[PDB]
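Heads up, the thing below is written out as structure tokens.
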Amino acid sequence: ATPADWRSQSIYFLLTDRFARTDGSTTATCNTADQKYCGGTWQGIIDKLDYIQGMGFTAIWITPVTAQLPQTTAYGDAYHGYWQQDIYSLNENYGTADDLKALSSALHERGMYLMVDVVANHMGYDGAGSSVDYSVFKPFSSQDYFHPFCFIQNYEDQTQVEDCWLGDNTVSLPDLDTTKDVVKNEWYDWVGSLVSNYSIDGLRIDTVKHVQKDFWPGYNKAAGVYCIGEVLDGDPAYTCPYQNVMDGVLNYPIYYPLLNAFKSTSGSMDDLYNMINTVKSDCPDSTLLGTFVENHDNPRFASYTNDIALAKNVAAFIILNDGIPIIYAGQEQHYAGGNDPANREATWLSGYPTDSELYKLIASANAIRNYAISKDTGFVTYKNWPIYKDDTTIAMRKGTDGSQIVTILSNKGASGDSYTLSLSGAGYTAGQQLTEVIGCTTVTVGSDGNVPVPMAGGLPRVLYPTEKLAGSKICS
Ligand SMILES: *[C@@H]1O[C@H](CO)[C@@H](O)[C@H](O)[C@H]1NC(C)=O
Ligand SMILES: [Ca+2]
């Protein structure tokens with residue numbers, strides 16, 4: 001699917017090892033500290049597609065599918081997929097080629113997309129340096145395909161970031177020489193054939209900043225689908241230029257101030273408001289970025305705060321921001337693991353309850369986003385507009401005039417006081433009825449055009465014209 005096709009999507013990101021077992025167990029042990037395969041599979045995902053689609057997601061992002069180093073390293077198994085050795089074999093832990101095709105086909109039947117994580121930067125090896133037997137790498141079965149062995153020490157030196165190795169002396173990530181025509185041609189052939197064999201709709205590309213920029217346009221073109229890059233940097237002047245060589249990037253610039261704004265009652269709405277405006281102006285296309293506050297490379301939101309109101313507000317932001325919302329499996333069950341490996345919790349140990357507070361919030365937020373998009377072809381290209389901030393509040397507007405969603409978020413938290421916020425700039429007409437679609441209340445626009453937004457419980461408020469909800473199953 002094209003970048004334009006992907007703009008309206010909403011992604012559920014999962015670890016194949018950690019989401020769903022073939023046996024469907026909700027009690028199979030998964031001690032994250034063990035860092036071992038816990039037994040999630042592609043068939044497991046198929047069996048739980050109702051759970052995911054119930055939250056109004058239109059797509060899933062799964063972790064890489066290639067065959068990994070075999071060892072239980074001192075850092076555990078390659079359960080995560082990022083330590084590949086044979087790119088022409090699947091990881092048999094997750095199932096067969098027919099299973100991965102079955103998952104693509106199951107998603108397609110339900111009108112959903114498959115996004116697959118891919119690594120071009122590196123292979124993985126249990127050991128480092130003179131220990132590496134380059135013959136185990138397929139097809140890059142020679143030291144000649146790799147950058148000379150060195151570790152990245154100066155992250156300020158972009159040449160060392162691209163040409164030196166990730167990992168360490170325990171588990172090294174041998175760095176492919178992506179400046180070599182044979183390596184480019186092999187990767188370009190591989191990714192085009194992966195996408196076509198498995199009918200993949202889009203790719204999440206790992207470790208994009210570790211590969212020189214001139215590699216990526218040919219990779220994106222050979223894939224033939226939307227590619228979203230992991231450029232792990234919060235500075236938009238570093239990250240947003242990667243959009244000149246790849247369709248999209250993960251919104252790490254928004255991540256840091258978004259997390260800060262909602263993880264505590266003293267969070268900066270100013271820093272988030274300012275970053276929305278910087279990304280909107282200075283990123284090639286903010287509507288092709290992926291918005292997130294949780295992933296497998298940072299502490300989960302609930303590790304910072306267990307306040308459920310704060311988690312509801314940050315989730316609503318992710319769904320209603322410019323670009324493609326991305327929710328990490330477990331976020332909807334308020335998982336509170338810290339850094340790797342604590343944030344790789346098995347989704348099945350929740351029991352997959354569809355009545356959890358954050359399952360319901362995400363379902364309501366995706367419901368209005370999916371509905372508004374079905375009625376307003378301009379929604380996904382209207383750049384999100386922050387119209388208000390104070391110490392504890394940010395309000396934003398998105399969508400075509402007369403159909404706009406106006407969202408009011410708060411970091412007051414669950415003990416927040418009840419009060420009316422008189423909101424200017426929402427762009428609705430005096431006497432217009434608006435539905436607050438999270439709580440299903442009516443708000444009427446005042447004679448002066450200001451919206452008397454009821455605030456309470458620190459809850460997020462998502463407004464949409466009542467008369468535009470005719471025939472929708474929202475708040476009925
Ligand atoms: C796709 O399948 C073909 C067999 O037709 C094979 O030539 C190619 O290596 C496969 N590519 C991937 C990534 O599976
Ligand atoms: Ca590299």
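Counting convention: from 1, in listed order, for ligands and their atoms alike. We count residues from 1, following the sequence as given.
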A student checking ligand 1 against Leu194 at a 4.0 Å heavy-atom cut-off should list atoms 13 (C)
Check: Does NZ in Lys36 sit with more than 12 non-hydrogen atoms of other residues, nucleotides or ligands closer than 6.0 Å?
Finding: no
*asked:* Would the distance check show the side chain of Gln85 and the main-chain N or O of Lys138 forming a donor-acceptor pair, the cut-off being under 3.5 Å?
replied: no
Atoms of ligand 1 under 4.0 Å from any heavy atom of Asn197, numbered from 1 in the order shown, are 1 (C), 2 (O), 3 (C), 8 (C), 10 (C), 11 (N), 12 (C), 14 (O)
- Message: Would the distance check show the side chain of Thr207 and the main-chain N or O of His210 forming a donor-acceptor pair, the cut-off being under 3.5 Å?
- Response: no
Side-chain donor or acceptor of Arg21 paired with backbone N/O of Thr26 under 3.5 Å: no
Practice problem: Check whether any protein heavy atom sits under 4.0 Å from atom 7 (O) of ligand 1. | Solution: no
**Message:** If the threshold is 4.0 Å, N to carboxylate O, is there a salt bridge linking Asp322 and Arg7?
**Reply:** no
| query | Based purely on interatomic distance, does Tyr88 place a nitrogen or oxygen under 3.5 Å from a nitrogen or oxygen of ligand 1? | reply | no
The protein heavy atom nearest to atom 13 (C) of ligand 1 is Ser193 OG, 3.4 Å
Counting only protein N, O or S atoms (no waters) closer than 3.0 Å to the Ca ion (ligand 2) gives 5
The complete set of ring-ring contact (aromatic ring centres under 6.0 Å, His included) pairs with one or both residues in residues 162-186, sequence neighbours excluded, reads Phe149-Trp165
Is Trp190 in polar range of ligand 1, meaning some N or O pair under 3.5 Å apart? no
- prompt: Does atom 2 (O) of ligand 1 have a protein non-hydrogen atom under 4.0 Å from it?
  reply: yes
Contacts satisfying side-chain hydrogen bond (donor to acceptor under 3.5 Å, both in side chains) that involve residues 220-234 (not counting sequence neighbours) are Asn220-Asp247
Hits for side-chain hydrogen bond (donor to acceptor under 3.5 Å, both in side chains) against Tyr198, two or more places apart or cross-chain, chain-then-number order -> none
I'd like to know whether the aromatic ring centres of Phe215 and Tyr188 sit less than 6.0 Å apart in this structure.
yes
